[PDB]
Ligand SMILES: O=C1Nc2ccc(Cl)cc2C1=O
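Next comes just one chain, in structure tokens: the form solved without the named molecule.
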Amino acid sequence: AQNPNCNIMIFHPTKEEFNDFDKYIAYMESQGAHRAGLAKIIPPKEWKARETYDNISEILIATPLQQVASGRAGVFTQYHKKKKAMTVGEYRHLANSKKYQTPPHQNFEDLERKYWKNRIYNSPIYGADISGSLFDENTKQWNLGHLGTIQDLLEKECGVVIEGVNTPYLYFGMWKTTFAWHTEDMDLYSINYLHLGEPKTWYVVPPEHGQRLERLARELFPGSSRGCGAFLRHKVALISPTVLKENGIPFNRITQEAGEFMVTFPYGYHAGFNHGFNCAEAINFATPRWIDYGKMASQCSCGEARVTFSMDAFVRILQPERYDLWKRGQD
């Protein structure tokens, strides 16, 4: 069995290996990369996502989200308070202000310590979940707006044509902006490219151990757990590495820098934080190996998780028994 300790693997494809996206994902899996839940892909030195980032300041962040925490430093929830619209140039200036900027630090490890110690005492503002793309249309390799669609994959594997579309999303971050512990909708893959700016730190639980993280979360968030049998779908709960280690939960950590891709694999729980002003692009995708995870994915039916139009068909075809109850949650 390849990668039996479930370590995060890092790949360096050549420009020739970078042509065929599906083939390269299958290669990484042949080496055991999925067992970690997360892999890093460093693009060939010849590749670029676009020529420059000099002309992005006029993108609008229609609904910036202020991330307000409750709890204790290693075990907390966050809610999102909607703020007034602002442009990317306005948001960059805000990120660089004395109130919001990254503090002085020695290295990534010192910054990680300061994040876990201090996050709860501040409410950073995240420009998350913005439909769009920063890849140039002429970039042919690993262009997240030109991938094979999940609907087309389900059709190729299962023979059923379904409605729905699959487009990328932009994330503009600042120091301390946070992504809570989650897997993807329908336990899909995700791919995330860090276009510019400061790093993003990731934590991940191997898929084979995901239920250990769920059982800890039910213990640590006991009211949430009574409210919903899949409350991590709400994407609100944070648990620190120190707390995970104290409770024996297997995990790994890695920092992504500008110009690097990360792939999350089906049922790989992940969480993390941004080091300073940055922009990332991400999209979900599927492979044949996903189908069995999609059939078994948990679902939130309490009404909180509220998701895209395109998830309807995935539930309806892959999970027909659950369909009725899940749709009640969505309406």
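Shifts are known only where both forms have a C-alpha. Here, rigid core means the biggest group of C-alpha atoms that superpose within 1.5 Å across both forms. Position 1 is the first residue in the sequence shown; the rest follow in order.
What comes next is about the form solved in complex with the named molecule, which does not appear here.
Take the named molecule as it sits in the deposited complex, overlay the site C-alphas onto this chain, and 3 or more of its atoms land within 2.4 Å of the backbone or a C-beta, so the site here is blocked. The closest heavy atom approach of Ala305 to the named molecule in the deposited complex falls within 4.5 Å.
The closest non-hydrogen atom of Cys300 lies within 4.5 Å of the named molecule in the deposited complex. Core-superposed difference between the shown form and the other one: one segment of three or more residues with every CA shifted 2 Å or more, namely 324-328.
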